[PDB]
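Asks: Can you keep this structure in mind? I'll have questions shortly.
Just so it is clear, none of the values below were taken in a lab; they were calculated from the coordinates. Cβ atoms come from the backbone with ideal geometry, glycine included; neighbour counts cover every protein chain shown.
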Amino acid sequence: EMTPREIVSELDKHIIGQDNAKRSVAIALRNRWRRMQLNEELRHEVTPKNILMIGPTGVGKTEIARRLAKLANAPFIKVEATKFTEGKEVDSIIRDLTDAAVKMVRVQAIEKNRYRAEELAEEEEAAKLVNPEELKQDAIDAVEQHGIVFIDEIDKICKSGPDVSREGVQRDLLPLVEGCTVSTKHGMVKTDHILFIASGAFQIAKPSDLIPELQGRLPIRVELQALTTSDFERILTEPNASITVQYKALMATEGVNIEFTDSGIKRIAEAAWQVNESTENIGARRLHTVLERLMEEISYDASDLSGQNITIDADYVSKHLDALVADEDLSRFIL
Amino acid sequence: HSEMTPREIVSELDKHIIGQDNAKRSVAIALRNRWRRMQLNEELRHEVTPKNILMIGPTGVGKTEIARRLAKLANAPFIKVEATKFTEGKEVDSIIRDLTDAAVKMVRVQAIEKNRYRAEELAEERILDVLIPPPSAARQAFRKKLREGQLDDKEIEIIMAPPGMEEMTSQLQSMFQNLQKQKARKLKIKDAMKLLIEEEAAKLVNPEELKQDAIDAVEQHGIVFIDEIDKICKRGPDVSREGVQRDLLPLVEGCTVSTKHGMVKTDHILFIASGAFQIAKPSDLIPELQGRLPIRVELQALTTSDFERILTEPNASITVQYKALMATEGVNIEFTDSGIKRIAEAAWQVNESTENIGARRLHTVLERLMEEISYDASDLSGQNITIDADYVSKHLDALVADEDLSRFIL
Amino acid sequence: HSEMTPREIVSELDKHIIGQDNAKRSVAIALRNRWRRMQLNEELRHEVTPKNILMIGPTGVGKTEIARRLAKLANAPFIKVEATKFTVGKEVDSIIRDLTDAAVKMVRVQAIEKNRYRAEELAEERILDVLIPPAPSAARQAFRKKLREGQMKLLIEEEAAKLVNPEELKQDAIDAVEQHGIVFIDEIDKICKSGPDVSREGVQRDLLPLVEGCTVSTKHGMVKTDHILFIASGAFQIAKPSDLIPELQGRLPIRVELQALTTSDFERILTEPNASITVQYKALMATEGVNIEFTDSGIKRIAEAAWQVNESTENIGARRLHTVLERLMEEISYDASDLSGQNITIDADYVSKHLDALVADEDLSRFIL
Amino acid sequence: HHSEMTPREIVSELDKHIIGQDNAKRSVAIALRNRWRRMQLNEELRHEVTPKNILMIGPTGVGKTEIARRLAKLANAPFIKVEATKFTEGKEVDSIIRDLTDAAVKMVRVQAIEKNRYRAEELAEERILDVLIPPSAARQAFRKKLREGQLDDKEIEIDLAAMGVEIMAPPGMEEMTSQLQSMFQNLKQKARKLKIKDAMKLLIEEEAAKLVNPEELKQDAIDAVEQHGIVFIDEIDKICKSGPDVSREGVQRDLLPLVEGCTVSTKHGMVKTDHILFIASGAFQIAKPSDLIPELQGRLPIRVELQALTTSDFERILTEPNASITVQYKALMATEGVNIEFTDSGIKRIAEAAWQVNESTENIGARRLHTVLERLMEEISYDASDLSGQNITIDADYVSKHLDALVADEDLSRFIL
Ligand SMILES: Nc1ncnc2c1ncn2[C@@H]1O[C@H](COP(=O)(O)OP(=O)(O)O)[C@@H](O)[C@H]1O
Ligand SMILES: Nc1ncnc2c1ncn2[C@@H]1O[C@H](COP(=O)(O)OP(=O)(O)O)[C@@H](O)[C@H]1O
Ligand SMILES: Nc1ncnc2c1ncn2[C@@H]1O[C@H](COP(=O)(O)OP(=O)(O)O)[C@@H](O)[C@H]1O
Ligand SMILES: Nc1ncnc2c1ncn2[C@@H]1O[C@H](COP(=O)(O)OP(=O)(O)O)[C@@H](O)[C@H]1O
Ligand SMILES: [Mg+2]
C-alpha cells in the first residue's frame, strides 16, 4: 500500500546509496497493491515483475531484499543457486518459505494472545482463541500474495560437462517463476504471485547466457554500484541501528560511553577500503571484522571502565589497525 | 542468561583450559554480549546478532575444550559437527536438529534433579500400599526397612523402513503407545522401584513447558562448534567444498529450521569455527561467511612446559582421573615433579619424531605407562605407588626410541 | 556390571583363546574400568570415558574371538562391522542401530527363559488351588507330582505376560547398550590414507562422533554412545596407526600387538579350548553312537597339514583348521550312521592318508582346502 | 522337526531328481545330518556348533541349484537363491534374510491352514446355520443335508466383515506404506446378500484368520528360519578380486555377518542367522576359492567340485528324473489327446543335438535341452489339437529332420537354439 517514493525513503533508513535498486524494488511491491484494485480477469493475467540484480559482492543486494520484505510484512527466504547443482530438491525453496510464514503468523498471534488468553489464564486459552486451522490457512494466503524469494549467485548456474548441470538448475527453477503448485506440509501453495529477486556478479557470464524462458520472467533489471570510501563513512553512522550504534549501545550496558570522532570514522573506512584492496574485496562486510578487531580491547575491559567516557579518535584507530593492515599475510587471517 | 563479566569468565576457564588466553577472551566477549543484548531496547535486540568466532591453530591445542567448557559454564546446549560431513548426503540443517535433541535431554536431567526427592517419596509410597493395604506403625516400619535394608530382592506384585525413515517410524510408535504399566504385574522391589520412579517423575514434569524451554535454550543460548572448517575452502572438489559453505550460510545469517520438538530460529545462535588453515587461509572462505565470523583469534601451539601444566592443573585432569581410578582398587598413585616432566617430554618427543597430534599424545602415552599398574591394581591394594622420573624412563624410553614402534603403540 | 578382576578375566579368556596374552590383558583392563567407574562420584562418572583398544596383527590370529568372548563374558551387547562397508553409502549410525536391535533380542531371550520356568511354576500353582483349596503341606505335593508326571497352556500365557512387560524390556535394553555396549570395527587399517583418500578418511570423520560420544536415534528410543566400548583391529601392513586422523588416535589409548600363530598353537586349539572343534566332532559323531579319538601324532599332523596349506598358498590364520578337519572327516561324517557301535582310530597315518595326497598338490589345495 | 534321515537316506532321495554328482550329494547330506546331530547335544554344545557351509564348484547347468532346491524340499526348510552381483550396485545384503523370512512365513501359513482346515470349516458352516434356524433336532438335519447336497445355490444373507485409502509414496517407501495400511485394518462386520456356494468360501477365510494365533504362527516361522533355514548364493565367484575389486570384496564384507551369525530385523520379528545353512556356488574359472577374503573361506568348510555333464548324462536327464521335460511334454500333449512316445534312438539324438550346440557356440549346460526340445516339438505342439487320437512316435530320424538343418548353421544356432 506504501507509495513508491515512501518505500525508497524507508529503505534509506537501512541501505546507503544504490538508488537504482531501491526504485526497482518499489515498482514490484507497488504493483502488488495495483493488482489488488483490478478486476477479476486482470488479477490473474498480471504477474509480479521479478528483479535481476547486478553488482559486485557486498554492495547491499541482499539487505535491500531483506528490508523490503520486512517492510511489507512478507515471508522471505534466501537460497543459493549453486545448492541445486549437486541432493536437495528445487521445490524446497517454497517449502522453507512456507515454514517461515507459519512462524511469522504465529508470533503475531502470540502477541495478541498476551491479553484475552492471559485474562482467562490468570483467571491453551490461546488455542481456544487462536485456531491452528485458521492460523495455518492464513499463512498460506500470506505466501501466495506476499511471498518474496531471493535467489543468490544465479550467475554461477549459467553455461559442456558442468554446463548441462548448471543450466539444469535453471530448468528446474523455471516452473517456480512461471507459476505452479508445490505441496507442503502446511498445505497447497501456489507460486504464481510470488515475487522473485535474483542477484549475481555476472563477471564470468552475462544475463544473456541464461535460458530464454528465464529472461522473460525477469523483466526488471538493475545494476548496483560498488561502494566507495565516502559510502563507508555513511554506513557507519547514517543507517538506523548501524554497527557503531549497536556497539555504542552494547558498551553502554556496562556503563561505558563510546564516542567516535569524525576523523576516527574516516580512518575506520580507510582501513576497510585498504583490506578489500590488499587481499580480497568482501564489500561492506569488512567493516564488521575491522570494528570487532578495533574494539576487542574495549569490549573486554568494559566491565572495569564503567562510568567512563572513551573517545575513539583518528589516533586510536591508527594505533590498533595500522599495524595489522600493513601486513597482508596477517590481514587474511585476522580481518 | 548469566551475568558474568569477561574477566570472571576467563578466570573460570583457567580452571580447565591451560594457556590460550586470547581464545578465552574471544569467547568471553561473545558470551558477555548475550547479557548485553538482553539489556537493550526492543529495536536493538533484533538488529544485534551474535559475534561468531573463527579459531585458528594446530590440532590438539584446546579449541574444542574452550567451547565445551563455555557451554557448560553458561548452561547452554552444545554440539560439535565436522565440516567434512556435508561434503558427501546429509543435510546441513541437521546441525540444528541434533542441537535441539541435545537441549531436550539437557532440560530433562535438569528438571529431574529438582523433582527427584518428591518422585522417590511417591514411588516408595505406592510400594507400601502393597505391603500394608490401608501412618501408624506398620507403614513406618516397612518404610525404614526399605531405605536401610536390601529387602528389594523380595518379589512383590505391583515398522520396517529404509535407512532414511529411522527417525519417523520412532515417532509413529510413540503415538500408538499414547492412544501397559497400569496392568498389575509381578516384579522385584529392586526393579519395581526404578520403574515407579519413572512413572511418578513423568507425571510431575510437564512436556509442554519442558519442550518450550528447550526451544528457548537453542534460540537464546545455542552454541554450535564447527570443527575443521578449513577443509571446505576453495582449492572438481572446489565446487563441492564451497557448496557446503553456501548451505551453512543460512544458519549463521539466521533462518528457520523445523524439528520434531517444534520450530527453532537460529538467529541468536552462537557459532564457533576452528581449523588448521595450513593449506588454505580464512580469506579463502566465501565473502558472505567471512562477514558472519567477525571475531578471529589464533591459538598457539602447546609447549613442553604446557604439557606439564595440562597433566595436573585442570580440574579432573588425566593424572587426577587415574589417581582416582586406581583408588577404587585401593592403590595410592603419586606423580613426582620429575616424573611429570618426563611424561611431558615423552609426548613432545613422539610428536617431533613421527606426526604432531597435539596434546592428544598425552592420552596414549599415559595408558602405555600405567598399563602394568592398571592391570595389577586389584593386587596392589593398600599400597602406595610413586611415579618418579625413573619409572617413566623404564617403560617409555625403550618405546620412544623406536620410531617404527612409536607410530603403532603411542 | 561384573565385579571380576583383570586376572579373572584373562583366566576366563584362556578357556577359549590360546595365547595372545597382551591382548587379553588389554581387554581385561577395559572391562575392569567399567566396574571402577561405577564406584566414583557423580562428577567423575561423566568425565571418565571408556578406554578403547586398537589391536594390531595379521588376519586369523584371534582378534575377533577375543572381542566376542569378552562381551559374552560381561553379558554385553556386541556387533562386528567391517570398516570398508561405509566406503549412496550406508550410514555409520547403523552401527548403534544394529547394536540396539541385537541387544533387544539378547535381553528378550534371556528374559523369556527366566519367565519360562517362573510362569509355568505359577501356572500349575493356580491349578492346585482349584484341586486343594487352602484356607503347601503334603496334599499340594501329592497333586504337584501327579500333574508333572501324569497325563495349563492358557495359564502360562496369563502368567508370562505379568512377568515380562514389553515396555520394561525395551528400557532395560537401552541401559545395556549405553552402559555395557561393545562394538568391534574390523579392518580399520584399510580406511587410512587423493580421491580414494577422501573417501577413506571420510569414514573416520563419520566414525568420530561415535567414539567422542553423541546421540543416535533408533526405533527403540534415544541412545547415547558416550559410555560404549569400541575395539578396532587391523593388519597395519600397508599403513600405520599414525596415519589415522589425529582426533581418532586420541580416542584409541590402549594399543596392543598380537603375535602370529605357530604350529604348536594349532595343536593347542584342537583340544585345549572348551568345546573345541575336535570336541564338537567327538560329540556330533556321538549322536550316532560312534567313538572318535585323536592320537597325539594325529593331532600333530592335522596341525602340520593346516600350517602347510597356509604356507603354500595364502595364510587364513587358524580358520584353516576348520576346513582341513571337515575334509579329513567327510568320509566318517557320511558313514557315521552305518558305523554305529564301532570305533575307528584317528592316528597320524589316517591323517596322512586323506590329506598328504591333497596338501601335496597346491592347485587342488586352493579349491578343496 | 529336524529330520532324522541318515546321510545315505538323503543322497538316496536326491537321486530321484538329480542325476550324477554324487560328490555334491554327500556334501549336502552331511550338512543336513548335523542339524539332527546338534539337536541331541547338551545346552553348551548347541551354541558352539555352527552349520558346515558348502561351496560348490562346477560349470553352469550341472544341478548345483537343483541339489540345493531338492535338499530344502526334503528337510521342509526355507530356501532362497540370490545373485551375489545384485549387491555390487544398491540393495542391502540384509534383504537376503528378509526375503528368506517372508517365504518361510508364507510356508508356515499354507501348512498351518491345510493342517487346521477342518476347524475353520466348523465355524463357517455353523455361522450359516445361525441364519437358517436362529435360536434342537431340526438344526442338526439342516447341517447333514447341506454337506451331502448342493443346496449352496440358494440365496442367503450373512453378516461378514467389510478402508479403501491409498497412500502415495516414493519408490523407497513401498515397504512402510504397506505396513501402515495393516494397522488401520487392525483398528466391524456388514450384512450383505450372497450365495452359500460363494459365502462358505468367504466364511472359511474369515474363520481361518480368527482361529489361528498370530504369535504362534509368527514365532514358529522364526524358529523355522533360525533352526531349519537354508540360503543359496549363486555366482559367488564373480565378487572376487583395483576399481571393482573394492566393490566386489565389499559384498563379501557385507555378507560376512550373515555367515558369522548376527541379527537382522524383519517385519515379522527378529531373526538370528547363526544356525542358517549357506550354500555358495560358482564356476571358478576366472578366480579360485582362495581369492575370497580369509574370514569367508573359514566359514565355508565343506568343499565339493561338481563334474560336467556328458552326452550320456543328457539322455538320463531327459527320462530318469521325475516329471522330466519329455515326461512333462508327453502329459501336455496328453491333454489334447496325443500319445507322444520317445524312442531310445530318438532320445540319444536329442542329447547329441544339444551336445553339439554347446560345443559349437556357447556351453550353457543342461539348459540347452529345453530350447532344443521345444524347437523339436514346435510343429507337434502347434498341431496337437488336430492330432487327437493319433500316436506320434519320436524316433532318431524325426529328431534329425527338425534339428540337423538348424544345428549345422552356427549363426542360426545362437538365435534359434
Ligand atoms: N549500501 C549499503 N548500506 C549499508 N550497509 C551495507 C550496504 N551494502 C552492504 N552493506 C552491509 O553488507 C551486509 C549485507 O551484504 P549483502 O547485501 O549480503 O552482500 P551482497 O549485496 O554482495 O549480497 C550487511 O551487513 C550490510 O551492513
Ligand atoms: N590448554 C589445554 N588445557 C587443558 N587440556 C587441553 C588443552 N588443550 C588440549 N587439551 C586436551 O585436549 C583434549 C581435547 O582436544 P581438542 O580441544 O578437541 O583439540 P582441538 O583444540 O584441536 O579441537 C582434551 O581432552 C583436553 O584434555
Ligand atoms: N588364539 C586362538 N585360539 C583359538 N582359536 C582361534 C585363535 N585365533 C583364531 N582362532 C580361530 O579363528 C577364528 C576367528 O578368527 P578371527 O579372530 O575372526 O580372525 P581375526 O583375528 O583375523 O579377525 C575362530 O574360528 C577361531 O577358532
Ligand atoms: N544332474 C541332474 N539331474 C537332473 N536334472 C538336472 C541335472 N543337472 C541339471 N539338471 C536340469 O538342468 C537345470 C539346471 O539348472 P540349475 O541346476 O539351476 O543351474 P546351476 O546349477 O548351474 O545354477 C535344472 O532345471 C535341472 O532340471
Ligand atoms: Mg611393529
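Asks: With both bridge residues required to lie in the protein assembly as shown, what share of the DSSP beta bridges run antiparallel, to the nearest 5%?
Replies: The antiparallel proportion sits near 25 percent.
Asks: From the P(r) of the protein assembly as shown, could you give the percentage of C-alpha pairs in the tail past 44 Å?
Replies: The share of Cα pairs beyond 44 Å in the protein assembly as shown comes to 60 percent.
Asks: With N denoting the number of residues in region A:1-157, provide Rg(C-alpha) divided by 2.2 N^0.38 Å, to two decimal places.
Replies: Here the Cα radius of gyration is 1.23 times the empirical estimate.
Asks: If we restrict to alpha carbons, what Rg and Dmax does region A:1-94 come to, in Å?
Replies: Values for region A:1-94 (Cα only, Rg and Dmax): 15.2, 44 Å.
Asks: Once the cut-off is 19 Å, how many percent of the Cα-Cα pairs in region D:244-298 end up in the long-distance tail?
Replies: 37 percent
Asks: Mind putting together the pair-distance distribution for region C:155-204? All Cα pairs, 5 Å bins, whole percent per bin, short to long.
Replies: Once binned at 5 Å, the Cα pair distances of region C:155-204 give 4, 15, 13, 10, 8, 9, 10, 8, 7, 6, 5, 3, 1, 0.
Asks: May I ask you to order C:171-177, B:375-381 by the average number of other C-beta atoms within 10 Å around their residues, highest value first?
Replies: Per-residue mean Cβ counts within 10 Å order the peptides as C:171-177, B:375-381.
Asks: Here's something else I'd like to know. Please compute the Kirkwood hydrodynamic radius of region D:179-253 from all pairs of different C-alpha atoms, in Å with one decimal.
Replies: Hydrodynamic radius (Kirkwood, Cα only) of region D:179-253 equals 18.1 Å.
Asks: In whole angstrom, and with the biggest value first, how far do the Cα coordinates of chain D range along each principal axis?
Replies: 78, 66, 49
Asks: Counting only other chains, and only Cβ atoms inside 10 Å, what mean value do you get across the residues of C:242-252?
Replies: The mean count of partner-chain Cβ atoms within 10 Å per residue comes to 6.
Asks: Any idea what log10 I(q)/I(0) is at q = 0.13 Å⁻¹ for region B:293-395, Debye with uniform C-alpha scatterers and no solvent?
Replies: Summing over Cα pairs of region B:293-395 leads to -0.50.
Asks: Here's a follow-up. Report the Cα-based extents of region C:216-369 along its three principal axes, largest first, to the nearest Å.
Replies: 61, 40, 27
Asks: How large, in Å, is region D:81-230 by the Kirkwood hydrodynamic radius built from its alpha-carbon pairs?
Replies: 19.2 Å is the Kirkwood radius here.
Asks: With a cut-off of at most 15 other beta carbons within 10 Å, and DSSP calling the residue loop, which trypsin sites (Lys or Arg not before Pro) in region B:1-38 qualify? Please list them.
Replies: B:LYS15
Asks: Now a separate question. Partner chain Cβ atoms within 10 Å, averaged over the residues of B:293-299 - can you pull that number for me?
Replies: The mean count of partner-chain Cβ atoms within 10 Å per residue comes to 5.
Asks: In nm², what is the average projected area of the convex hull enclosing the Cα atoms of region D:363-417?
Replies: That works out to 4.4 nm².
Asks: Right, here's the next one. Note down the magnitude of the dipole of chain D about its Cα centre, charges +1 on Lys and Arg C-beta and -1 on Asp and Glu C-beta and zero elsewhere, to the nearest 20 debye.
Replies: With only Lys, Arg, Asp and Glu charged at Cβ, the dipole is about 1400 debye.
Asks: If you split all Cα-Cα distances of region A:263-335 into 5 Å bins from zero, what percentages do you get per bin, shortest first?
Replies: Reading the bins upward from 0: 3, 16, 28, 24, 16, 8, 4, 2.
Asks: Based on alpha-carbon centroids, what's the gap between region B:317-341 and region B:60-103 in Å, whole number please?
Replies: Computed from Cα coordinates, the inter-centre distance equals 32 Å.
Asks: Something else now. Determine the alpha carbon to alpha carbon distance for each of C:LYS224/D:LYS91; C:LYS80/C:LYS105; B:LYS154/C:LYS162 and list only those over 20 Å.
Replies: C:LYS224/D:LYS91
Asks: Just counting partner chain Cβ atoms within 10 Å, what average do the residues of peptide C:277-290 show around their Cβ?
Replies: Rounded to a whole number, the mean comes out at 4.
Asks: So what J values fall out for region B:221-232 if you push phi through Karplus, 6.51 cos²θ - 1.76 cosθ + 1.60 with θ = phi - 60°, rounded to Hz, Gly and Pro as x?
Replies: 10, x, 10, 10, 10, 9, 7, 6, 5, 6, 7, 10
Asks: Let me ask something else about it. In region B:87-166, if every C-alpha pair distance is counted and binned at 10 Å from zero, what percent goes to each bin?
Replies: 13, 26, 19, 16, 16, 9, 1
Asks: In terms of modelled amide H atoms, which long-range or inter-chain residues lie less than 5 Å from the amide H of C:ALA232?
Replies: Hits under the 5 Å cutoff: C:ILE53, C:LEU54, C:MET55, C:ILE185.
Asks: Applying the Karplus parametrisation 6.51 cos²θ - 1.76 cosθ + 1.60 with θ = phi - 60° to the phi angles of region A:13-18, what ³J(HN,Hα) value in whole Hz is obtained for each residue in order, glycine and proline being reported as x?
Replies: 6, 10, 8, 9, x, 6
Asks: Follow-up question, since we're still on this one. Measuring from centroid to centroid over Cα atoms, what is the spacing of region D:122-200 and region C:237-267 in Å?
Replies: Each part's Cα centre sits 66 Å from the other's.
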